[PDB]
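Chemist: pasting the first bit of my complex, frame unchanged:
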Amino acid sequence: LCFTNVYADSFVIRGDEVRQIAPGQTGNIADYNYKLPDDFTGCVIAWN
């Protein structure tokens, strides 16, 4: 498939908090550091 434009965001987080990177999730990270839109499209790649 072809995409109109591509945005890449990179950071480093805690192991337990990796589940907070998802639309509709709540917590410290999902609220005060990084919020994803509910109708989000795209991928998340997280590795130790």
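Modeler: Looks like it came in fine. Residues are numbered from 1 along each chain as shown, chains lettered A, B, ... in the order given.

Chemist: So residue A:38 sits against residue A:30, correct?
Modeler: No: with contact defined as Cβ atoms under 8 Å, residue A:38 does not count as touching residue A:30 (11.8 Å). In short, each C-beta sits where N, CA and C put it, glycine included.

Chemist: neighbour-wise, which of these two wins?
Modeler: residue A:30 (18 against 7; other Cβ atoms under 10 Å).

Chemist: what ranges do the helices span in chain A?
Modeler: A:28-32 (DSSP state H).

Chemist: Not counting sequence-adjacent ones, nearest residue to residue A:38?
Modeler: Distances taken as Cβ to Cβ, 6 or more residues apart in numbering place residue A:23 nearest to residue A:38, at 5.1 Å, with adjacent residues excluded.

Chemist: Include this sequence as chain B:
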Amino acid sequence: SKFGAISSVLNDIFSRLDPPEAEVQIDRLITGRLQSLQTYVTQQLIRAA
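Modeler: Same chains as before, plus chain B:
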């Protein structure tokens, strides 16, 4: 009528659950209510005839 969903209270569905399956529940509610209204309209049309 819950229409097979977990609850019949729409704002409860919003508040108590995250969007992923809350969307499914709301879609089920909307489909059920729309079907009921359609059935009522058709029955009214027959009576009008």
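
Chemist: Check chain A for the residue nearest chain B and tell me.
Modeler: Chain A approaches chain B most closely through residue A:24 (4.0 Å), counting by Cβ to the nearest Cβ.

Chemist: didn't that residue look like it was pressed against residue B:19?
Modeler: Yes: in this structure, residue A:24 is within contact of residue B:19 by Cβ under 8 Å, at 4.0 Å.

Chemist: Can you pull the residues that touch both of those two?
Modeler: Common neighbours of residue A:24 and residue B:19 (criterion: Cβ atoms under 8 Å, 6 or more residues apart in numbering or on different chains): residue A:38.

Chemist: residue contacts, the residue of chain A closest to chain B?
Modeler: By Cβ under 8 Å, 6+ apart, the neighbours of residue A:24 are A:38, B:18, B:19, B:20.

Chemist: Also, this goes in as chain C:
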Amino acid sequence: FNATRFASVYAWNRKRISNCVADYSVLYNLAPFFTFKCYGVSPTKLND
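Modeler: Following on from the chains above, chain C is added here:
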């Protein structure tokens, strides 16, 4: 948290808590800098 003396590490106390309302925000006033590591739950969402 304000007890005069704590038990020794080997003979550590055990306290049960039930049927109460807890306001953990006050726990942020213990020291100017102190460890608050939390496992399996975000500290900012302990009031919900």
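
Chemist: how many neighbours does the closest residue to chain B within chain C have?
Modeler: For chain C and chain B, the shortest gap (Cβ to the nearest Cβ) falls at residue C:48, measuring 11.7 Å. Using other Cβ atoms under 10 Å in any protein chain shown, residue C:48 is surrounded by 6 other residues.

Chemist: Next one: it relative to residue A:21, how far apart?
Modeler: The gap separating residue C:48 from residue A:21 is 20 Å, by Cβ to Cβ, to the nearest Å.

Chemist: And for residue B:13?
Modeler: 24 Å.

Chemist: same for the top helix by length along chain B, what does it pack against?
Modeler: Using DSSP H, we find that the single longest helix of chain B is helix B:19-48. Contacts defined by 3 or more Cβ pairs under 8 Å, 6 or more residues apart in numbering or on different chains; DSSP states H and E place helix B:19-48 against helix B:10-16.
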